[PDB]
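>>> what would the 3D arrangement of this be:
(2 chains)
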2 protein chains.
Amino acid sequence: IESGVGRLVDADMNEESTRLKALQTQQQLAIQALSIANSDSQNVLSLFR
Amino acid sequence: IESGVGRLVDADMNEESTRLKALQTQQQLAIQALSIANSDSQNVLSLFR
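Numbering: from 1, shown residues only, chains lettered A, B, ... in the order given. Find the structure here:
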């Protein structure tokens, strides 16, 4: 019964580690893209000066 | 919804800057033309010395 509970409930931690690394990389990319998207709106100031 | 509101309400600032420059130039030309028109009037004084 304990073995059945384990196979039904436990998680193979290797793919969770892979997902953790992948989400860290995705978050880094998202922060970089968000910074670029925030910064790019300042280009309009050139015309008015 | 907010993006739709922005699409319906926002204005592209490049076109507004172009219009602002055009209207400033048109105002300058109109003022010059008005000055020329005002200066046109007093030329008649030469006939009556």
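>>> what's around residue A:44, how many residues?
Look at residue A:44: counted by other CB atoms under 10 Å in any protein chain shown, it has 13 neighbours. Where you see a C-beta, it was placed from the backbone N, CA and C, and this is true even at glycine.
>>> that one and residue B:12 touch, don't they?
No: shown here, residue A:44 and residue B:12 do not form a contact pair, counting by CB atoms under 8 Å, at 9.5 Å.
>>> shared neighbours of these two, anything?
Common contact partners of residue A:44 and residue B:12 (CB atoms under 8 Å, 6 or more residues apart in numbering or on different chains): none.
>>> show me which residues of chain A are close to chain B?
For chain A, the residues in contact with chain B (CB under 8 Å from any CB of the partner chain) are A:44, A:47, A:48.
>>> just the closest of those residues to chain B, please.
Proximity of the residues of chain A next to chain B to chain B (CB to the nearest CB) peaks at residue A:47, which lies at 4.3 Å.
>>> contacts only, for the closest one.
By CB under 8 Å, 6+ apart, the contact list for residue A:47 reads B:13, B:14, B:17.
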